[PDB]
Amino acid sequence: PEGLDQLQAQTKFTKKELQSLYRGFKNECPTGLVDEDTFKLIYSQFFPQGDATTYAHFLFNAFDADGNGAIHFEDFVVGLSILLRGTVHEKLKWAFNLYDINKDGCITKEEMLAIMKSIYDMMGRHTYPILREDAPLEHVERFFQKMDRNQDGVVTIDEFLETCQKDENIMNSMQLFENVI
Ligand SMILES: [Ca+2]
Ligand SMILES: [Ca+2]
């Protein structure tokens, strides 16, 4: 059908790259539509060992567009644009949205604690001797003390930006750590 050329018109890509991203979605999910459950199967294939189950759910929230639980290849191609054609700013927004799934739109050292636990349970790598054992607290503590501050108590995209912007190497490290995920 003309569902192809049409999608291309919306997205900002060439009929070539468009037909490419489409095939990938058809090769990784020759079913038609995608669902939360599937999203898990995807991250599972690229990361079988470990958990990734909790973080997988959070990932879904990142995608989608004010819709229900059923997604498609479109919203997926668009995201690709955010990652492909997107500077650190757009990324900061995408990463910030991930660190949040509950109501409201603010962050807190609490929600951050649960996030660290998820990544901690996912860390299935630990070969070779290692001294440091575990301490997901000191980290979330320095991050909140460095960013969180205003009376609002909770960190918002603003407070977040104010930090990641006037940052020196803090949020920069976060990106390096997120690069793996
Ligand atoms: Ca929140
Ligand atoms: Ca705050």
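Numbers here mean position along the shown chain, with the first residue as 1.
Any Cβ shown, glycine's included, is placed from N, Cα and C.
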Which one of 56-69, 70-83, 168-181 shows up in Swiss-Prot as region 'Interaction with KCND2'? 168-181
Would you identify which residue of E141, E159 Swiss-Prot lists as part of the Ca(2+) 2 site it also attributes to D148, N150, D152? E159
Among the binding-site residues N102, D104, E111, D148, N150, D152, the ones with a Cβ under 6 Å from any atom of ligand 1 are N102, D104, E111
Let me make sure I understand the structure: which of the binding-site residues listed (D104, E111) has the fewest other Cβ atoms within 10 A of its Cβ? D104
Please tell me which one of the recorded positions listed here (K15, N102, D104, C106, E111) sits closest to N150 (Ca(2+) 2 binding site), measuring Cα to Cα? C106
Here the 10 Å Cβ neighbour count for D100 (Ca(2+) 1 binding site) comes out at 20
Which residue counts does DSSP give the domain 'EF-hand 4' (135-170) for helix, strand and coil? 22 helix, 1 strand, 13 coil
